[PDB]
Every structure is written in C-alpha cells, then in structure tokens.
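Engineer: Residue numbers (the entry's author numbering), protein chains in the order written: chain T, 269 to 321; chain G, 10 to 120; chain C, 10 to 118; chain A, 37 to 133; chain E, 37 to 133; chain H, 30 to 124; chain D, 30 to 124; chain B, 20 to 102; chain F, 20 to 102.
Quick reminder that beta carbons are idealized off the backbone N, C-alpha and C, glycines included.
For reference, the structure I am asking about is given below.
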Amino acid sequence: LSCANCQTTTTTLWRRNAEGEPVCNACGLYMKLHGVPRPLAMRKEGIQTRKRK
Amino acid sequence: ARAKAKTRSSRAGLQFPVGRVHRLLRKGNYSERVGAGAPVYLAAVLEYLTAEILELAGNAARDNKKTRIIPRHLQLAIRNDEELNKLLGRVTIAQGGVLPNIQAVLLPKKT
Amino acid sequence: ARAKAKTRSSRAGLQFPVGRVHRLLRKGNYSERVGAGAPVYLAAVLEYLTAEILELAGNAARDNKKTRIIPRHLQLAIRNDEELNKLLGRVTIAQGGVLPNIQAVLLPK
Amino acid sequence: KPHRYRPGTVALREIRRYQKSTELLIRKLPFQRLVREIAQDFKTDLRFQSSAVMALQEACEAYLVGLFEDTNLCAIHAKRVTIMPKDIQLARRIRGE
Amino acid sequence: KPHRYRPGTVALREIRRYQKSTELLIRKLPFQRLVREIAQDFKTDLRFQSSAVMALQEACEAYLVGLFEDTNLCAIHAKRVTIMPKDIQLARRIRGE
Amino acid sequence: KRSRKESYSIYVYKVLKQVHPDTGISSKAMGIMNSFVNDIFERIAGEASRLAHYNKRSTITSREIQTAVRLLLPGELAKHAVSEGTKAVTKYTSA
Amino acid sequence: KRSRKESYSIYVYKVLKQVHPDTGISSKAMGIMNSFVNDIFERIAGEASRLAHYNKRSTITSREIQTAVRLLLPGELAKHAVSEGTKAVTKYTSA
Amino acid sequence: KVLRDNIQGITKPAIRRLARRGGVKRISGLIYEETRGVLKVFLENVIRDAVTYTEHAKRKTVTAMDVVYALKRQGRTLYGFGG
Amino acid sequence: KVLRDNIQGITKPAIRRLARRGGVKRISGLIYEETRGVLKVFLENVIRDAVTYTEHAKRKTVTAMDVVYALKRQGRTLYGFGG
DNA sequence: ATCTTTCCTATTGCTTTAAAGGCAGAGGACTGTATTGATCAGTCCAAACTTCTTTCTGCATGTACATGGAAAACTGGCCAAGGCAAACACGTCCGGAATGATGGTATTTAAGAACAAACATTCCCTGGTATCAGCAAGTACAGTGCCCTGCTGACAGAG
DNA sequence: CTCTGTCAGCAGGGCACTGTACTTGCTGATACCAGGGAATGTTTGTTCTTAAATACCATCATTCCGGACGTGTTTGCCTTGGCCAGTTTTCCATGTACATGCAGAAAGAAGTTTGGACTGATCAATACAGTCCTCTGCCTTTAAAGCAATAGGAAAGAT
Ligand SMILES: [Zn+2]
Numbered sequence: 269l270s271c272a273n274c275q276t277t278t279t280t281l282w283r284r285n286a287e288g289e290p291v292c293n294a295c296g297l298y299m300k301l302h303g304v305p306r307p308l309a310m311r312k313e314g315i316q317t318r319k320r321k
Numbered sequence: 010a011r012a013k014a015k016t017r018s019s020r021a022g023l024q025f026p027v028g029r030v031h032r033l034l035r036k037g038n039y040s041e042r043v044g045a046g047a048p049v050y051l052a053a054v055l056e057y058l059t060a061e062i063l064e065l066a067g068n069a070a071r072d073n074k075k076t077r078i079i080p081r082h083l084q085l086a087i088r089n090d091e092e093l094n095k096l097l098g099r100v101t102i103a104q105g106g107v108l109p110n111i112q113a114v115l116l117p118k119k120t
Numbered sequence: 010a011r012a013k014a015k016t017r018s019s020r021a022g023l024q025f026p027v028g029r030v031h032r033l034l035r036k037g038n039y040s041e042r043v044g045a046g047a048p049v050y051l052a053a054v055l056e057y058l059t060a061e062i063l064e065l066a067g068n069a070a071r072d073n074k075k076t077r078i079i080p081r082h083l084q085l086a087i088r089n090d091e092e093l094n095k096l097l098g099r100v101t102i103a104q105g106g107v108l109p110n111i112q113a114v115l116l117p118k
Numbered sequence: 037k038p039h040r041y042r043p044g045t046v047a048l049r050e051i052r053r054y055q056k057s058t059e060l061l062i063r064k065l066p067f068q069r070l071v072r073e074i075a076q077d078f079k080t081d082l083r084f085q086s087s088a089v090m091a092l093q094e095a096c097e098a099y100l101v102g103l104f105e106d107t108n109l110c111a112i113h114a115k116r117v118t119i120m121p122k123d124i125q126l127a128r129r130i131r132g133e
Numbered sequence: 037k038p039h040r041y042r043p044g045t046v047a048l049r050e051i052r053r054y055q056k057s058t059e060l061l062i063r064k065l066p067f068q069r070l071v072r073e074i075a076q077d078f079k080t081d082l083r084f085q086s087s088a089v090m091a092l093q094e095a096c097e098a099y100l101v102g103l104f105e106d107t108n109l110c111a112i113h114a115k116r117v118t119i120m121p122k123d124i125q126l127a128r129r130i131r132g133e
Numbered sequence: 030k031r032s033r034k035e036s037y038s039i040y041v042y043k044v045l046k047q048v049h050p051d052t053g054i055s056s057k058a059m060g061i062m063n064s065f066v067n068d069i070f071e072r073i074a075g076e077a078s079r080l081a082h083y084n085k086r087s088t089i090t091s092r093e094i095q096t097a098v099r100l101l102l103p104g105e106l107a108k109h110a111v112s113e114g115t116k117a118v119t120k121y122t123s124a
Numbered sequence: 030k031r032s033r034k035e036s037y038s039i040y041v042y043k044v045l046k047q048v049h050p051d052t053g054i055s056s057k058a059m060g061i062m063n064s065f066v067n068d069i070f071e072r073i074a075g076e077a078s079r080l081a082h083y084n085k086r087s088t089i090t091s092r093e094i095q096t097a098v099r100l101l102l103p104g105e106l107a108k109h110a111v112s113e114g115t116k117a118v119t120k121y122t123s124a
Numbered sequence: 020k021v022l023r024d025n026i027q028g029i030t031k032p033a034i035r036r037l038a039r040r041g042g043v044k045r046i047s048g049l050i051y052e053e054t055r056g057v058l059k060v061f062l063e064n065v066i067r068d069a070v071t072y073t074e075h076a077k078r079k080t081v082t083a084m085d086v087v088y089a090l091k092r093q094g095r096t097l098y099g100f101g102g
Numbered sequence: 020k021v022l023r024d025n026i027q028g029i030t031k032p033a034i035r036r037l038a039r040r041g042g043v044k045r046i047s048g049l050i051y052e053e054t055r056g057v058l059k060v061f062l063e064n065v066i067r068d069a070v071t072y073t074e075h076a077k078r079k080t081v082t083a084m085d086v087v088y089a090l091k092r093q094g095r096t097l098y099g100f101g102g
C-alpha cells in the first residue's frame, strides 16, 4: 500500500481520507488539522549512511 | 594570525566528541598523562558500539511497527545478538522486559 | 636542627608501613591528593585483617600438629570462617585444596 | 456447563502476556513502604527520591525474574514442572548467593 | 573368594583421600603440552615461564573442582548419585557461562 | 545560576540519524544509551589504566586503548572496533 | 645485585610473631599473604578513589577509607576494622 | 511513622506474575514465603550500600545515583537512571 | 615442534581424581568428553588474555604475572603467584 | 555376631632442604618551611519530598470445584565400579645453546602548562506528529461431544 | 482339543460445534519529541619546556630441545551389582473461576525541608632540599618436615 496523497510505502498508522483511499499518518493528521494536503516538500526523506555485518 | 578553529572530532571524521573524551580521561585520574591518539581511538570505539546497538534497536523497532526506539527495543536488540549479550550479560535495562521464551516440555502435549 | 626521625608507623602504633602505603596511594593514580590520615587508616585495616587471618591459620596449623603455616592451613582458616569466606569467595588459593565434605546422601546406609 | 479451561492453559497464556509486556509487576506503594521499612533499620528519618524507589523496584524485579528463570531450569532438571523451595535454594547455591 | 570391596566404598575412600591432600591431580607434562598447543593458535613461537604453566594448572584444577561440586549438587537435586553431562550443562547455565 | 548537566544525547542522536535517518528515540532510551556509553567508557579507561600501570608506563596512548578493546570486547566486536579505531587514528594523524 | 622488588613479607612476619609467638610461615604462605594484602589494598583504594570522584572531591581522607571499609568488609569484620582504624588515627593525631 | 509488617505487601499475585515473566507454569504453595525472604535479603543488601553512600555525602535524601551505584558495586549494573 | 591432539593428555584417571576432590561418588561414562571440552574452552579463554597481556608488553615470554592478570580479569583471582 | 583382610593412623630414625638469623648498602622514608587550593562554615531559596483528602474503581482476598502432577512402590538390565596385568610415558636429572629480558646512554619525539577567542553545548520555549485509548470485526485456538475405525477378552459351536 | 464365528465392551483418533481470547483496523485524544533562540564554559590555536619513550649495544639468565633410566600410572579386559529409567497407582495440592470490599492510583493542595549555589575563611596537602636508617639482597646455620620402616587399631565384607 501507499499514501494516496504523498505515496509513502511505510507509515506508523495508516488512515483514510474523505475519498476513502489510504493515507499515511502524517498526511491524515495534517489534513484533519489544517484542511490542506501535506506538501511533498514538507514530507521528509533520508538515506542510510552507515552499515556493518 | 590565528587559523580557523577545527574540532578534533571533525578532524578524525567521528561524530562523538574527541575533546570531551580527552577531558574525561584527564579528569578521570586514569593515568598521569594521556596520549593524543587515545581519545580519538576511544571515541571511535564508542561511536562504533553505539552505532551497532542503534542499528539493531532500529531494526527491532521496525519489526514492532514502531517509529521511535524504546527500552524494550534496546533489550530485544541486545539479547538477540550473541556478542552484545555477552558484553552486557550482567546489565539490567529499565523497562526492558525479557525475551519471549518458554521451555519446550512445558508446552501442551498431544493425545 | 632536625629532631630524631620517628616512623609514622611507630606514631600510629602499627606494624604495617604507613609511608609505603602513602607512597602506593600517591603513585596508584587513585586521587589527585591524599589525606594524612588515609594511609594510617588503611595500614591499620590491613594489619587487622592480616592478624585475623594469621590467627585462624595458626590455630588450624596447631590443630594439624604443624609448626609452620602452609597454604593448606590458610585455606582451612579462610573457608571455615563465614566473614572471611564471604570476603574471599572468588579467590583461589594455590595448593590450598578444598574443605573436606561429603554429601550425606552419598554415605552408605 | 460453563466454560472452564483445563489447568495450565491460563498459566501459559499469562506467561506469554507477561513476557510480551514490560510494566512493573509489583504494586508501587507497598513496595515503597517495604523499602522505607528496610531503610529504617540503617538510618532513621531518611528521605527517598522517587527515581531512587523506582530504581530499587526495577532492580528487584529483574533479580527476581532471573532467579525464577534459574529456578524453572532447576525444576525442569528434576523432571518436574512445579518450582519448589529446593529449586530456589539450589539456584541460589550455584550462583554463589 | 578374593577380597572385593562393594561398589562405592573405594569411591568414598578416594573422595576422602583427595579432599585431604593438596597436590595437583593432572599430570604436569601433558597439561604443559596442552597449554602450548592452545597458545600456539594465538601466536607462534611463544616462550612460557614455568611459573606461568603452574599457575594455569592451579587455576584450571580449581575451576574444575568447583564445577564438579556444583555438578554433584545438581545430580543430588535430581535424586541421582551419578553425575551426567546434563548436570554440567545445568551448572554452567546457572553460573552464567 | 544552576549547574549544567552534560551528556552524550546529541552525539547519540547524530549517530542514530546517520544510521537510521527516519527512526526516532525516546527520552528513556536516550538515557539508557547515555548509561551504556558511560559504562563502556569507564570499562575501557580502567583497563587502559591497569595496562599502563602494569608496564610502569605514564601515558595512556592509543596502544593501551587498543589492547583494552581487544581484552574486553568479544570477537567480531573487538575486530571491528579495532578497525574503526585504527581508521580514526590514521585519519586524525594524516590531517 | 638484582633490582629490588618490594613486598609485605617482613610486616606480615612481624604480625605473625605478635599473634602466634612460636609459629612460623612457609614461603608459599608468605606469597599468598602478600597477594592477599595487595588485593585488599587495591579493593579499598579503588573504592575510596571512586567515593572521592563521586562527591567531586579531590582528596582521599580518612573518612573515604572508612566508608570503603564499611562497604567492602562484611558484618563484624567491618566494625572491627573501623574501630581499629579509628584507634590508629586517634593515636597518630595526638602524636 | 513506624512500618511493621509490609513485607506481606509483596502479594501472592505479584509473586505469581513475576514467576510468569520467568516462564514458570506451576508454582508450589511454599514458593511465596521463600521468595519474600529472598527479596528481603536482596533489598537489605542493596539498601545498606545505598544508605552508606548517602551517609558519606552527608545527605539525608537517598538519590537514584546511590541506588544505581550500590547495584553496580554488587555486579548488578542498571541502565536508565543517570548512570 | 607443532602439537596436534594433546587434549587427550587429560586422561580419564585425572578427571576422576578431579571429580573425587569435588565430592563426586559415581561418574557417568560421557562425563570425560564434556569435561575435556569445558577445560579446553576455559584454557583458551585464559590464554587469549594472557597472550594479549604479553603482546602489549612487547615481550615474547608469557610470564606468570600475565596469567594472574588474565585470571583476575575474569573474576577468578589467584593467590600465590602474584608478584 | 564373629572372623578375616584391607586400609588408615601413629611412632621412630635419618636426612635434607627450606626458614631463621646476620651483615652491607642505598633509595626511599622523614623533618622543616613556604605556597596554595581544596575544603569547611553560614545564609538563602526553590524545588522536590512528605503529608493529608476524595474518588474510584481494579485488584487482592476468600471460597468452592476438581484435575493432573508429585511422590511412592516395583522391576530389570545395563551401565559403571573394582581388580589384574602389561605397556608406556611421566618424572627426574644433566648438558648444549640460543633466545630473549634486563640495564645503560644519546636523543628525539611527544605531551604538560598558560592565555585568549569563539564556538559548540546546555537550557528554555513551541507544533505536530507518533503513540495511547476505545470499539468493532476477524482470526486463532481450546474444550468437548459425537462418530468411525481397531482391537481384544469372552463365549459358542463345527472338525 | 483346535480353531473359527459371534457379542460386547473399551481405545485411538478425526472432525464439527461452541466459546473465549488475542490481533488488526479505524477514529479520536494527547503528550512528548524535534526544531528554534539565548547564554556560558570549554575546546583549539600557539609557544615553550621537559620528560617519557626510542634505538642501539652489551650481557647474562633462563627456557627449549634432546638424551638416559626407573617405575608409577594408564589402559584394556573381565566380573557383577546396584542405580537409573520405565511403568503403575494414588491423592492432595495446586489451577481455575466467581463474588466482594478495600486500599492503590491519581489528582489536588499545603507544608517543609534540605540540596546546592554563593561568599568568606582557614587549614592541610604539595613542593623542595637535606639527612639518615630500614628494607632487600646475599650468605650461613639448624631444625621442621619428608621419607622409609614398623606396629596397632578401625572398618568392610563374608560366613
Ligand atoms: Zn502521505
């Protein structure tokens, strides 16, 4: 699955929007609070920089 | 004139504080004198160990569908790794719990 | 002029060396400074523990009809006393042997 | 007939539940009173930080849990499943306590 | 009939004899050879003081005697008198090794 | 005023971000990591001090720390820690 | 001559003569007793050094040694050693 | 002011839960008194060192550091309390 | 020069004597291999630390003090050879 | 219960080797004075502990039913103890030598100490997202009644 | 008598149904962790000094390797005895579930008390130089312990 708004495959708690499609926790909370979709620029990302055995 | 100051931690490429480690070694009354490379080596070792434990704890937290590491995740990471478990065999972690483990003979039989 | 030197052990009325203990404390990297009474106290404690162990070991040797204390007698003295055994629980005495014990279940009818 | 699980099933369920969780199993106030009583013998009119009592409780729970795993191993060794005072005594004896 | 002690009598005799004495029980030369064999894996051409090998023998026999005491306790706990490998395993597990 | 309390929290968080960019860490876990770092530091420093004292040396150099790490850490942990320590020391000396 | 190596042999022998006038002690027993004295000295000194660093104190005084003795020695030994140390310090202070 | 018989405050279900966390399926009836005695001994041993540390610093309040340190000197190192 | 199989040098009579000192009356046949394995593990653990201590001193002779330090590091303090 | 055999302990003579005592010296303890920095004493305040009060329940206690696990008794066979005889390899010493540990001198490299700048770390304040709580379906698993399928003790009846 | 047909009963095991408990998904509440700004104390740069480690050499001590001889120990084998494992039975002591009330948890407030910051002060430790005498190394002596031989008592096993 993925968020219908910003398309993250991993989230702490899947939710749904008014249309009923799945949305990630941050997007759902942002929509419920402000009435606007969460910007993809506001969405965060990162790449691992260390590894071992 | 004085050159731009550069932290020894950045010089060694570490994230941990070389200066603080050196100061603690000097104030810890461990020896009369401390070599220059001793704090760098110790900081590197500490950074490696904490990176290992954090990696394992993060994997455990991901397994539990949680985003923030908690003491339960640290306990699971430590006790599920043989080397870390041997290193920290005498240590108690607050709110860590225990590994799920039931002796085989205690489980229900079939008949 | 300097007066007649008197060892700090004599002042404290101890057999153990106060000066050597003070020097060991200073050179042991235990503290930046060392109090005057600290070596005296430590020497007194060490002397007391030595006296206790030697008394028990001598009693054990005398019970064994031996004039000189040997490691076996030290082991018998240490393991027959509760406090000393708890203090030296993790210690191994070379050539000390073990206390003679046999579990009562193993004895014959 | 009302439902009734056989002996041992709820025991296994509780084992799984309490091994899955991490909350302190002893009630806080009686343990605090016990700690204060024990400290009363050493020095009168003492005061305790809340974190100090919490640390004492955590250490006691961990120690008892470990002792109970060792006791369970000792009981299983004797071809039993019920822990008995002899099992605890053996576990403490081997550990050097 | 030739004289023969019933089983267990000479066992108790040897127990008393070896608990009374203090001399080393392992033959010195094969233990030295074993020590050298083990040490060669960590560094080639290692010189060994005689006192070092003697100390190793003292420590090893003391550890083994303690382990056998705990093993005998475990054996007696299971209502047996013969020590078995499972008893040593239990003793090591409880001791934390 | 009041005395400031120092800790390793910022450095532990930096290492966590470098390892797991998206995972967070709670305050209790951060305290546990602080305690762990302090414990390992105390162990290694004490062993290095003992090593220096045994050889009648006055300095704790990188060699003492390396030997302490080899003594305390088991197996692969010791090997990887030694590799990281040597890398850090070499990089520091070259700079 | 060889390099001097110090030991507690003569003091242990003097204490033995004080306690058991007509009893001797073998060289192996003297070595064991020397090791015992060194071990107890190390334990008490380490505990006192910790106690001094623990309250941000720079000096190890008689009170630190007394607390170390209280913490380490069990039961009756603790109070007997404390009494002996207090007596020794009282004698020393009066000179 | 005076506390008398609060060792019984370690209730039977509490010991049962502690045993369950240890993987114990069946618990003898006499286990509870033995466990109470063992806990009493352990608490006395730890609190003695904690109170000694408190008395050395001349404080009257037992702080979490003292408990952590008493646990450490007995080989029971505890993480998560400012160690 | 090299040594291959000298773990078998710890003969059955030696293990029997060690058990007898420990108070053991009856010994199972399988005990000897288990005890040999345990002794080998213990010897490797001690000798590794002893050799590390020797190497740190830049020496090539494993002195008794190195063995004493290695034993003390494992909580197995030995009296008689120190010094 | 008494006799025979084995082991253990105790006693006595020789010796040997290890501890007790004596002498030389040096390096480490001791004495005295100046310096200083660590510690002690008094005051204050704030924050953190102790005490008391009310609600509210969850949890401990008490009771009753009954199930299965601990303990005792019996059997046997097989695994280990005891003893004998041959082999071997440990123990003891003696010598060759070669390796490594100790000690001394020139030196050279690296760390302690001091002072100023500034910059990294701590504390304080805010939003916002992960985590907690509650309800409802779905799933997994336990307990149990019924049934089919096997077997076996017993009785009945043809060769 | 042999064997084969017929009854009746108890056992294993499979499967369907009911019921309980745990897991998952969704929504809503909240709390605590990440990010931004003020402050302070601690780290870095630079220079000088000095002392701890390094490199070379000499030398001696002490460990490794080999050899030879004595005999105590190890190892293989045989006999057998008694201890461990399996089976059966019993009963009591634990597990499970239900009902009640009581005190633990949480929140609020007040009291209080004491831990730590701040300032002044005072005194006890360190540094340095000079003196000397106590401890360790070496050597010699003698007595406590070890080894060998003998004798008597205690204990195990058999009749
Ligand atoms: Zn989204």
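1. Can you tell me whether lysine 85 of chain D is buried or exposed? The criterion is at least 16 other CB atoms within 10 Å of its CB, across all chains shown.
2. Cβ atoms of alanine 88 of chain E and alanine 83 of chain F: under 9 Å apart, would you say?
3. Where does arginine 131 of chain E fall in DSSP's three states?
4. By a C-beta neighbour count over all protein chains shown, 10 Å radius and 16 as the cutoff for buried, is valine 60 of chain F buried or exposed?
5. Using a Cβ-Cβ cut-off of less than 9 Å, give me the residues of the segment 39 to 61 of chain H that come near chain B, in sequence order.
6. Unbroken beta strand (DSSP E) runs of length 3 or more, entirely within the segment 77 to 113 of chain C: which are they?
7. Let me see if you follow: with CB-CB separation under 9 Å, is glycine 106 of chain C close to chain F or not?
8. For a test of your reading of the model: does the CB of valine 304 of chain T fall under 8 Å from any non-hydrogen atom of ligand 1? Yes or no.
9. Would the C-beta of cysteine 274 of chain T count as close to ligand 1, meaning under 8 Å from any of its heavy atoms?
10. Can you have a look at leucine 108 of chain G and say buried or exposed, based on whether 16 or more other CB atoms are within 10 angstroms of its CB?
11. Which residues does DSSP list as the beta-bridge partners of residue 243 of chain T?
12. For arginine 311 of chain T, verify whether its CB is less than 8 Å away from any heavy atom of ligand 1.
13. Hey, is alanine 294 of chain T close to ligand 1, as in C-beta under 8 Å from one of its heavy atoms?
14. Counting C-beta neighbours from all protein chains within 10 Å, is the total for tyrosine 41 of chain E 16 or more, i.e. buried, or is it exposed?
15. Per DSSP, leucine 97 of chain B is paired with what?
16. Any chance the segment 74 to 90 of chain D sits against the segment 67 to 74 of chain C, with 3 or more Cβ pairs inside 8 Å?
17. At what residue ranges does the segment 69 to 121 of chain E contain a whole run of the alpha helix (DSSP H), taking only runs of 4 or more?
18. When the cut-off is 9 Å and only beta carbons count, does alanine 95 of chain E lie next to chain A?
19. Nearer than 8 Å: is that true of the beta carbon of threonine 279 of chain T relative to any heavy atom of ligand 1?
20. Grouping DSSP H, G and I as helix and E and B as strand, with all else coil, what is residue 2 of chain B?
21. If you run the structure through DSSP and keep just helix, strand and coil, what is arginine 86 of chain H?
22. I want to check one thing, is the minimum distance from the CB of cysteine 96 of chain A to the heavy atoms of ligand 1 below 8 Å?
23. For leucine 102 of chain H, I'd like the list of residues in its chain whose CB is within less than 7 Å of its CB, leaving aside the five on either flank, ordered along the chain.
24. Quick check: the segment 90 to 107 of chain H against the segment 43 to 59 of chain G, are there 3 or more CB pairs under 8 Å?
25. Apart from the five residues on each side of it in sequence, which residues of its chain come closer than 7 Å, Cβ to Cβ, to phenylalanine 25 of chain C?
26. Figure out for me which residue from G/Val49, G/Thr16, G/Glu64 and G/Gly22 has the closest Cα to the Cα of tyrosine 42 of chain H.
27. Any C-beta of chain A sitting closer than 9 Å to the C-beta of residue 29 of chain E?
28. State the beta-bridge partners of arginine 42 of chain G as determined by DSSP.
29. Give the single residue among C/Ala113, C/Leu97, C/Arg20 and C/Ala12 whose Cα lies nearest to the Cα of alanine 117 of chain D.
Structural biologist: For this structure:
1. exposed
2. For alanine 83 of chain F and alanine 88 of chain E, yes; Cβs fall inside 9 Å.
3. helix
4. exposed
5. Within the segment 39 to 61 of chain H, contact with chain B at the beta-carbon level (separation under 9 Å) is assigned to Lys57, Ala58, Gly60 and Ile61.
6. none
7. yes
8. no
9. yes
10. exposed
11. Only positions 269 to 321 of chain T appear in this structure, which leaves residue 243 of chain T out of reach.
12. yes
13. yes
14. When all chains shown are included, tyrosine 41 of chain E counts as exposed.
15. G/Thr101
16. no
17. 86 to 113
18. No, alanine 95 of chain E lies away from the interface with chain A (no Cβ there is under 9 Å from its Cβ).
19. Within the cutoff, so yes.
20. Here chain B has residues from 20 to 102 only, and residue 2 of chain B is not among them.
21. coil
22. no
23. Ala110
24. yes
25. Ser18, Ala52, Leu55 and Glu56
26. G/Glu64
27. The first residue shown for chain E is 37 and the last is 133, placing residue 29 of chain E beyond what the model contains.
28. H/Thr88
29. C/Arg20
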